[PDB]
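Novice: The structure is given below, and queries will be raised subsequently.
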Amino acid sequence: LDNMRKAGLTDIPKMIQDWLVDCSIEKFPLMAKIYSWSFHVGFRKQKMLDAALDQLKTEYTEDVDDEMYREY
Amino acid sequence: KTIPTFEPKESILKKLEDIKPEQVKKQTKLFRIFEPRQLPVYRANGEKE
């Protein structure tokens, strides 16, 4: 709820912090409404190069527990 | 990039249909563990003969 305040929006975490003092299922249809309105901002389309090269970048390590892999 | 090598402990398993019979052993030379060698000899004085 501080990552949502640096992004500029201030009327959404006031709704959540007014629900955290309740923690009740009667007002949870409001919290499911906030989560569902988030996906209506549009798709996150980006370039084909920056979507692969940020996905196909990973850090492997030879110090992994090999005792757990021979059971896996 | 560097993929870490992972060799699991295994061995090959054959069915009973293809197990090769024991290839028979016949020897080519004799079993030798001793060999004659040329050595100098010294008499009772110590002088070389």
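Residue numbers start at 1 in each chain; chains themselves are named A, B, ... in the order of the structure tokens; ligands are numbered from 1 in the order shown.
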Hey, what's within 12 Å of segment 7-15 of chain B if we count only C-alpha atoms and toss same-chain stuff fewer than 6 positions away? As a list in words, please?

Specialist: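 Non-adjacent residues within range: residues 66, 67, 68, 69, 70, 71 and 72 of chain A.
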
Novice: Produce a table with one row for each residue of chain A that has an atom at most 8 Å from any atom of chain B, each row naming the nearest atom pair and its distance in Å at one decimal; use only C-alpha atoms; arrange rows by chain and rising residue number; format as a tab-separated table.

Specialist:
residue	atom	partner	partner_atom	distance
A:60	CA	B:3	CA	6.9
A:61	CA	B:4	CA	7.1
A:62	CA	B:4	CA	5.9
A:70	CA	B:8	CA	6.5

Novice: Based on the selection just made, write C-alpha atoms of those residues as a JSON list (two decimals), in the first residue's frame.

Specialist:
[["chain", "number", "residue", "atom", "x", "y", "z"],
["A", 60, "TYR", "CA", 21.95, -20.15, -12.83],
["A", 61, "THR", "CA", 24.22, -21.27, -10.01],
["A", 62, "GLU", "CA", 26.45, -24.34, -9.64],
["A", 70, "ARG", "CA", 18.53, -36.52, -7.44]]

Novice: Write out as a PyMOL selection string which residues come within 12 Å of residue 37 of chain A when counting only C-alpha atoms, dropping same-chain ones fewer than 6 positions away.

Specialist: chain A and resi 12+30-31

Novice: Using the chain letters and numbers from this document, which residues of chain A does DSSP assign to helix (DSSP H, G or I), as a list in words?

Specialist: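 The residues of chain A classed as helix (DSSP H, G or I) are residues 13, 14, 15, 16, 17, 28, 29, 30, 31, 32, 33, 34, 35, 36, 37, 38, 39, 40, 41, 48, 49, 50, 51, 52, 66, 67, 68 and 69 of chain A.
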
Novice: Restrict the selected residues to N, CA, C and O atoms and save them as a compact mmCIF listing (two decimals), in the first residue's frame.

Specialist:
# COMPACT_ATOMS: atom_id res chain seq x y z
N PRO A 13 -6.09 3.13 -1.81
CA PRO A 13 -5.66 2.60 -0.51
C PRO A 13 -6.40 3.18 0.68
O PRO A 13 -6.30 2.63 1.78
N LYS A 14 -7.15 4.27 0.51
CA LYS A 14 -8.08 4.68 1.55
C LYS A 14 -9.26 3.72 1.63
O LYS A 14 -9.81 3.51 2.71
N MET A 15 -9.63 3.10 0.51
CA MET A 15 -10.69 2.09 0.54
C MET A 15 -10.21 0.81 1.20
O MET A 15 -10.97 0.14 1.90
N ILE A 16 -8.94 0.44 0.98
CA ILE A 16 -8.42 -0.80 1.53
C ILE A 16 -8.16 -0.65 3.03
O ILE A 16 -8.53 -1.52 3.82
N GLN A 17 -7.57 0.47 3.44
CA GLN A 17 -7.31 0.70 4.86
C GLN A 17 -8.57 0.96 5.66
O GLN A 17 -8.54 0.84 6.89
N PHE A 28 -16.26 -7.45 1.42
CA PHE A 28 -15.34 -7.99 0.43
C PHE A 28 -15.78 -7.87 -1.03
O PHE A 28 -14.90 -7.88 -1.90
N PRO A 29 -17.07 -7.81 -1.38
CA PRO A 29 -17.42 -7.38 -2.75
C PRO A 29 -16.90 -6.01 -3.16
O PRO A 29 -16.81 -5.76 -4.37
N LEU A 30 -16.55 -5.13 -2.23
CA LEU A 30 -15.86 -3.91 -2.62
C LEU A 30 -14.40 -4.19 -2.96
O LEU A 30 -13.86 -3.61 -3.91
N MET A 31 -13.75 -5.10 -2.23
CA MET A 31 -12.34 -5.38 -2.50
C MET A 31 -12.17 -6.22 -3.76
O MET A 31 -11.15 -6.11 -4.43
N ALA A 32 -13.15 -7.06 -4.09
CA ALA A 32 -13.09 -7.76 -5.36
C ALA A 32 -13.42 -6.85 -6.54
O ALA A 32 -13.07 -7.18 -7.67
N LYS A 33 -14.09 -5.73 -6.28
CA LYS A 33 -14.36 -4.77 -7.34
C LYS A 33 -13.11 -3.98 -7.70
O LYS A 33 -12.88 -3.68 -8.88
N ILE A 34 -12.29 -3.65 -6.70
CA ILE A 34 -11.07 -2.88 -6.94
C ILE A 34 -10.07 -3.71 -7.72
O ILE A 34 -9.39 -3.21 -8.63
N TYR A 35 -9.98 -5.00 -7.40
CA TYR A 35 -9.07 -5.89 -8.12
C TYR A 35 -9.52 -6.11 -9.56
O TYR A 35 -8.69 -6.29 -10.45
N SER A 36 -10.83 -6.09 -9.81
CA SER A 36 -11.31 -6.33 -11.16
C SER A 36 -11.25 -5.09 -12.04
O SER A 36 -11.13 -5.21 -13.26
N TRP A 37 -11.36 -3.89 -11.46
CA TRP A 37 -11.21 -2.69 -12.26
C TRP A 37 -9.77 -2.44 -12.67
O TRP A 37 -9.54 -1.62 -13.56
N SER A 38 -8.81 -3.14 -12.07
CA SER A 38 -7.41 -2.94 -12.41
C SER A 38 -7.06 -3.50 -13.78
O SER A 38 -6.17 -2.97 -14.45
N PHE A 39 -7.73 -4.56 -14.22
CA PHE A 39 -7.39 -5.19 -15.48
C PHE A 39 -8.06 -4.54 -16.67
O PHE A 39 -7.87 -5.00 -17.79
N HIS A 40 -8.84 -3.49 -16.45
CA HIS A 40 -9.52 -2.80 -17.54
C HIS A 40 -8.73 -1.63 -18.08
O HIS A 40 -9.24 -0.91 -18.94
N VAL A 41 -7.50 -1.41 -17.61
CA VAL A 41 -6.71 -0.28 -18.11
C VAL A 41 -6.14 -0.54 -19.49
O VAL A 41 -5.60 0.39 -20.11
N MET A 48 8.93 -7.07 -29.16
CA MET A 48 9.26 -8.49 -29.17
C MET A 48 10.66 -8.75 -28.65
O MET A 48 10.92 -9.82 -28.09
N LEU A 49 11.56 -7.79 -28.79
CA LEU A 49 12.92 -7.96 -28.29
C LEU A 49 12.98 -7.81 -26.77
O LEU A 49 13.65 -8.60 -26.10
N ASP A 50 12.30 -6.81 -26.22
CA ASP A 50 12.38 -6.57 -24.78
C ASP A 50 11.52 -7.52 -23.98
O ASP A 50 11.69 -7.62 -22.76
N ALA A 51 10.58 -8.22 -24.62
CA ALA A 51 9.79 -9.22 -23.90
C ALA A 51 10.53 -10.54 -23.80
O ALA A 51 10.38 -11.24 -22.79
N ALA A 52 11.31 -10.89 -24.81
CA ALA A 52 12.09 -12.13 -24.76
C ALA A 52 13.34 -11.95 -23.92
O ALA A 52 13.60 -12.74 -23.01
N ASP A 66 22.61 -30.36 -4.75
CA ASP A 66 22.48 -31.52 -5.63
C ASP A 66 21.86 -32.72 -4.93
O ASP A 66 21.45 -33.66 -5.61
N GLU A 67 21.81 -32.72 -3.60
CA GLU A 67 21.14 -33.78 -2.87
C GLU A 67 19.63 -33.73 -3.05
O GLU A 67 18.96 -34.75 -2.87
N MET A 68 19.09 -32.57 -3.41
CA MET A 68 17.66 -32.40 -3.61
C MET A 68 17.24 -32.63 -5.05
O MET A 68 16.06 -32.87 -5.31
N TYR A 69 18.18 -32.56 -5.99
CA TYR A 69 17.84 -32.78 -7.39
C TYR A 69 17.76 -34.25 -7.75
O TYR A 69 16.95 -34.63 -8.60
